[PDB]
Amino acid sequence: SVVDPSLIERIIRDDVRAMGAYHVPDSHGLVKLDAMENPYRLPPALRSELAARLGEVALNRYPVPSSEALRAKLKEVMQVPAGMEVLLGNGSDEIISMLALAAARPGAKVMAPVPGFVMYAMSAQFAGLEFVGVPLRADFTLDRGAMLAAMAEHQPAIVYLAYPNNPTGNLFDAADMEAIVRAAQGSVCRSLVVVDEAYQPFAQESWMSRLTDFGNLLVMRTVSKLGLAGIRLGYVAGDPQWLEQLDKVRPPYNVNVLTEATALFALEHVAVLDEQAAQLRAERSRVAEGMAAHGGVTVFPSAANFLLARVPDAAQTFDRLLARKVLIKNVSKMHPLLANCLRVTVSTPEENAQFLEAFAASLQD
C-alpha cells in the first residue's frame, strides 16, 4: 500500500472517519437488523408479476412508465388534496437536496430537531445552508418552547420535521407541530416547514391532508422499493407556488425507469402493502415487548419499522449481539441524548425470534 493515512485524515470528514463500519461483511448465519429496509418479500404470484414487468421494462418490451401517470396515481392513492401538485425524485435525499438548494440564499439556515434524520454532514446534506439543531427532550418528544425560542433567535429558512423520526421512532405531538407551522408563517419567524414521512409505513396517520390547512407546508414521502434493492421513488406534495420553484433546481438526470415502474406496481397493490404494514406492526410489538421485559432496558415509542432502546451498556450489548451473529445499529455516539441507545430494525418472525434470544443473553452480566 502506497496510501498516506494523513491525506485520508485531511480529505475525509472527521465525523465520517469517527463512524465505524456502516456496512459489515455478509458472513454465514449473520442476521442484519441495522438498516432502514423492509425484509418482507411479496407473495410469489406478485414477485413473478413484478419481475416480469421490470424485465420487460429493462428490455424495452413493456412501455415507458410515464411520470404524469405516476404522479396522477400518487395523488389518487395518497389522497393528495385538490389543488396540490406532486413532484417526483430519486429517493428522499434528492428532494431534501433540491429543497435546500432552491433556498440557498445568502445566510439561509435549516432547522431540525436533534437527534434526527440527518445524523452526519448536516450542512452538506442541506446544500451548504447553516444547520441549526434543536435538542428533543430526553424522552425524544418535541420541545415546543425550545423550537419556538430557536426559531425566534435564528430565523431559519427551512424547518424539517421527520414524522416518524429516525432514530427515535416517535411521531411528534401534532399540536406542537401545528404551532411550529403557524409560528413559521410570520409571528415568530418566516419559514417553509417540511414534514418528512420517509420512515412512515403505509396506511398510517399522514400530514398530506394538512396541505389544505397550511400555506407554508410541504409533505414528503417515499414508495417501497419492493425488496429489489435500488432507489425508492421519493415525492413531495404541496402548493404549485412552492413546487414550481423547487422543480427548477432538479439535477441533470431524471427518475430512473425501474424505480418508476416499481413504484407504480407498489401503488397498484395497496391491499398487499397494507397486509405487510399490519404484519410489521404486530412484529414490532412482539420485538418491543420482548426487549421491554428486561432489567434496565427502555424501549422508546415507535411508529416506524424500527425500535430505539436504551440499555445499561450499548457498546457491550452490540458486541455480544454480533458475537451471536446479530447486527443492530449502535447510535450511542451520534448525539448526547442517544447515550447507550441501539436501533433495531423489525424483520421477519424467524429473525426477530433470533434477535430476541441473542438480545436477552447479551444483557446478562
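When you see a residue number, it is the position in the sequence shown, counting from 1.
Residue range whose averaged C-alpha B-factor is higher in the record, 24-32 or 319-327: Taking the mean B-factor of the alpha carbons in each, 24-32 is higher.
Segment of higher mean CA temperature factor, 106-114 or 122-130: Result of the comparison: 122-130.
Selection from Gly169, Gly238, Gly227, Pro156 [criterion: highest C-alpha temperature factor in the record]: In the PDB entry, the greatest C-alpha B-factor among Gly169, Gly238, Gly227, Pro156 is found at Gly227.
Per the PDB entry, maximal CA B factor within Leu46, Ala314, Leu308, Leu338: Of the candidates given, the C-alpha B-factor peaks at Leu46.
Chain thirds of CA B-factor: placement of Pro164: It falls in the bottom third of the chain.
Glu205 - Cα temperature factor, lowest/middle/highest third of chain: As the PDB entry reports it, the C-alpha B-factor of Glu205 lands in the highest third of its chain.
Modelled-residue ranking by C-alpha temperature factor, third containing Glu289: Tercile = lowest for this residue's CA B-factor.
Chain-wide C-alpha B factor ranking for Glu357, given as lowest, middle or highest third: It falls in the bottom third of the chain.
B-factor third for the C-alpha atom of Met84 within its chain: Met84: CA B-factor falls in the middle third of its chain.
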